[PDB]
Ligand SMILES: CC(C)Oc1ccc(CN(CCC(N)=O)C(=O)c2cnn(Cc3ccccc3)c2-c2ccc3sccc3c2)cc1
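Below you'll find only one chain, the form deposited without the ligand, shown as structure tokens.
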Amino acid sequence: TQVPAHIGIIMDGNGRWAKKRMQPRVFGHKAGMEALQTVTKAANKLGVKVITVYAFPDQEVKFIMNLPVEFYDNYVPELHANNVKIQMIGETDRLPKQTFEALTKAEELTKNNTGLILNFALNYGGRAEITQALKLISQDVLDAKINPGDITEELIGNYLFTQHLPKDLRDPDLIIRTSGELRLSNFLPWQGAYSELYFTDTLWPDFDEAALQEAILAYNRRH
């Protein structure tokens, strides 16, 4: 049937997964990377146009900010060979030098690719995305580039971080949340306003191609 063109995913449950396997939380994030690799390849083959993914303590953040570097070295080449285009959204200026540079190389490597767009939401917050959009628009109105009569929902959409996606694919058709949490977490509040929501108890590192197909199957049974 109809495959949803844009899927949002809140990758929850890496810590619980690792605890369940009696391993450090760091092992869970590593397995979370594997799950993303599997899901990204499967969705690309099934014909999904976009996946926007969202990751959810002192020494943990050091290991977590090294994951984009690890992503670039051990996963990005295979994704690039699968014709996957890699982008990021969020306040990426806050990220460390090594992290921003690994992600930039992944963007540059894959920028000509014509398959699925893998969109990393990093240092991302919905309200903050909207806030900065409403700031830039107000600056442009103060500088007379745009009129206050030109302020519309379409204009706001052009100033969000999802602006770089193709116009018809900016808004998720489906938002998947793992690990049993029935809540929003400030992920794509604007873009996801009309999205089908799907909730599963399965933990993110166990979310595989079969779990993706079950989510896509649930989406088709809606309408």
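All residue numbers refer to positions in the sequence shown, first residue = 1.
According to the entry, the deposited sequence places 4 to 9 unmodelled residues between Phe56 and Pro57. Averaged over Cα atoms, the B-factor as recorded in the entry is higher for 131-139 than for the other of 104-112 and 131-139. Mean CA B-factor, 187-195 versus 65-73: the higher value falls on 65-73. The PDB entry assigns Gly149 a C-alpha temperature factor belonging to the highest third of its chain's modelled residues.
For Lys49, the recorded CA temperature factor ranks within the lowest third of the chain's modelled residues. In the PDB entry, a CA B factor belonging to the middle third of its chain's modelled residues is recorded for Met33. When all modelled residues of the chain are sorted by CA temperature factor, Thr99 is found within the middle third. When the modelled residues of the chain are ordered by their C-alpha B factor, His164 lands in the highest third.
Below, we refer to the form solved in complex with the ligand, which is not included among the displayed structures.
Partner contacts here mean any heavy atom within 4.5 Å of the ligand in the entry with it bound, and among 108-116, 145-153, 129-137, 92-100 they occur only in 92-100.
Although the partner is absent here, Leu67 sits close enough that one of its heavy atoms falls within 4.5 Å of the ligand in the entry with it bound. A residue is said to contact a partner when one of its heavy atoms sits within 4.5 Å of a partner heavy atom; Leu174 fails this definition for the ligand in the entry with it bound, lying far away. By the criterion of a heavy atom within 4.5 Å, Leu122 is counted among the residues contacting the ligand in the entry with it bound. Using a 4.5 Å cutoff between non-hydrogen atoms, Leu203 does not count as a contact of the ligand in the entry with it bound.
Scanning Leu160, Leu165, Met33, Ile51 against the ligand in the entry with it bound with a 4.5 Å heavy atom cut-off leaves one residue, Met33. Residues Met11, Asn14, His29, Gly32, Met33 are the members of 3-33 with a non-hydrogen atom no more than 4.5 angstroms from the ligand in the entry with it bound.
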